[PDB]
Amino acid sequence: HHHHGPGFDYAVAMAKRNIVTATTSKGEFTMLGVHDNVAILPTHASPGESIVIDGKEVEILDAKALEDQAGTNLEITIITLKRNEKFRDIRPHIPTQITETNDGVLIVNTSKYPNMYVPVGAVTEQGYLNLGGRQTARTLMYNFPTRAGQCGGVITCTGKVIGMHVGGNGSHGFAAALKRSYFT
């Protein structure tokens, strides 16, 4: 087998064109660009009227904090950027279903955690979880000691973008599940 396996190669290829580092008033977050001018951040990143990407202020046209049908926070905020550059459309890589895997990779890219690729192993649906005081729905859980600064990180498996890191309790990490219908 190749030294660098399919999960890693997929993560790196996804990151190169669809992950940027965004700075809000709450600091730097890994940020997935989904299509056109649409990206996602952890809701607690609290994007304001603008964010910094690549040292430049980029206006935010809209920010939509996602909730499930019962009103429960999903901890995903969809933001729309005022700029002409379009993100490679990766919607086809986002599953229609909340998706588990035996082999997930957490992708983080900030000045604190530059080019971080971690195979977190099993990614399992958890559902409703109180994340340190923030009630959250549709979470995924992995057994890896994630830390502050990694939120916004992308969870992938080969061929799919399945979650966005939002929390952790010391020994485990938690992601907001991604579904294609969020972006269509």
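In case it trips you up, residue 1 is the first one in the sequence shown, and so on.
Which of the two stretches, 93-101 or 107-115, shows the higher mean Cα temperature factor in the record? For C-alpha atoms only, the mean B-factor is higher in 93-101.
22-30 set against 127-135, stretch whose average Cα temperature factor tops the other in the entry: Per the deposited B-factors, the answer is 127-135.
Given 156, 150, 37, 143, the residue at which the Cα B factor reaches its maximum: Highest C-alpha B-factor among the listed options: 37.
Third of the chain's Cα B-factor distribution that residue 41 belongs to, per the entry: Lowest third of the chain for residue 41's C-alpha B-factor.
Where the record places residue 120 (Cα B-factor, split into thirds across the chain): Tercile = lowest for this residue's CA B-factor.
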